[PDB]
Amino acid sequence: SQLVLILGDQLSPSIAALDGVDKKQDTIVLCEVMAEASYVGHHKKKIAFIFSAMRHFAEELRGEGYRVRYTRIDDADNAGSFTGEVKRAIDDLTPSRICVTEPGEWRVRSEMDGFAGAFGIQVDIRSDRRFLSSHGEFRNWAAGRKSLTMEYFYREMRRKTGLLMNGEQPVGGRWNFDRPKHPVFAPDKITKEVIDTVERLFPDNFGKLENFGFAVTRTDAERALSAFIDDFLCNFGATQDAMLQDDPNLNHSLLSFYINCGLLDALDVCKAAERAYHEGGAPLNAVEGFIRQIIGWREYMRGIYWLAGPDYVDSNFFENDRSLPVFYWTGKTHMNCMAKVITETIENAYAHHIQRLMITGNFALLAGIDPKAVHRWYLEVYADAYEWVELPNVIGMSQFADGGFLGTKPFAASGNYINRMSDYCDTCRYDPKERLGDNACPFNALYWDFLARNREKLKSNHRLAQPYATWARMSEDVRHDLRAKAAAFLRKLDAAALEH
């Protein structure tokens, strides 16, 4: 007999751990355990989504003739951790070996590495076939290459998969090329019970549970993918970086949550976009861009995470110590852009790429926040957030706390960028055209202060040469007044964070 452990982000009937299962003899284990629901203060909607999808996935496996041992969060006898439930199901089932698909967190991986010793039974940890590249392949692609960039990896993924390839050439001669309501799925009985249970057990957690609309079945997630292809995929590249106060979704797909937990397969999503391309329903730039986000960025981020090692989380290139601002938890800031995106995050457990990078992340970058505080908040607030995908985006891409290890440039931008790409300023109490004075957008002074105080470390970064040139053309008193303006704003933040 076999004990097949399946984690909350492994909700696919093709997950590796299921290869070679004897439906008559083996038992699948799913457990809602407190260790996983509390290692960070997850968004209420995140906990609700995961538990619901784990429950529906349990029912689905039972529906496919699998034997499933489920453990709910408020079940008594619940041992509170993966290992504990592993003990219970062992004693229970006296199985011949444990089978599990490798996880997406160093924390969980390490626990699971402890199984073979803890139980004195052979543990079979299987490589997660949901990723195009294994750890060894990513290591070997990166080995020797004195600079990591997503692009090169992406091209190797394009060749590997055959997506948008005309044999050995990229479709359209080049690898690279840079509204209706979104679907809502009404909570069924299971989901409503979960929502109630979560609100009961995690009432102080970040976020609201009101208007939960997530797909929690494979079918509904496939319906969200289909709705994306039909309604938004055609305009996906045309608005990738735009923000709108009245529209939190725009042409984004909102599929990450399903992809990241096994309700959708990344490769199938790409094939959907490609199929749409050939049938004429989307331009090549939008479909290439879309796919590049999945077999490029997503795959590359996972590779970076496992390559950098667990202490990657400690990266602090600029040696920041400042605590996270209080308004990331409350959204009560006069900065309209930050108030909108944070409020959306509180309400919806979602924000699109450019929001995470250029509003809340950009702010945290310019403000010199302890990178670890930033990683923590990103991992908690979004229902697509797991350390393998969140951490490289935060440490590497947004915060540059790894010093550019993953090839990106510093994404520091002023109120000029945000005014240019959004309509948040239109109703903000701050003036983004003003950099000094009490009405000045905080991002202007903060942008220059960031560049100034980190000048030694960013001196030789070609991308910032124009800004430094401009810095150097300002009178000394202008540079002084800007830095002081920044310091006064940071003061206000540090003061607010003292009440703690």
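We number the residues from 1 along the sequence you see.
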Scan the PDB entry between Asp178 and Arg179 and report the missing deposited residues as one of none, 1 to 3, 4 to 9, 10 or more. 10 or more
Look up the CA B-factors in the entry and say which stretch, 204-212 or 407-415, has the higher mean. 204-212
As stated in the PDB record, which stretch has the larger average Cα B-factor, 228-236 or 359-367? 228-236
Say you rank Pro310, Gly104, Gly144, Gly296 by Cα B-factor from the PDB entry; which sits at the top? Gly144
Out of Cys261, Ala221, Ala349, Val86, which shows the largest CA B-factor listed in the entry? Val86
Lowest, middle or highest third: where is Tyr430 by C-alpha B factor in its chain? highest
Per the entry's values, where does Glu387 land by CA temperature factor relative to the rest of its chain, in the lowest, middle or highest third? lowest
When the modelled residues of the chain are sorted by Cα temperature factor, does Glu476 land in the lowest, middle or highest third? highest
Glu456 by Cα B-factor - lowest, middle or highest third of the modelled chain: middle
Here the Cα B-factor of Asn166, set against its chain, lands in the third termed highest
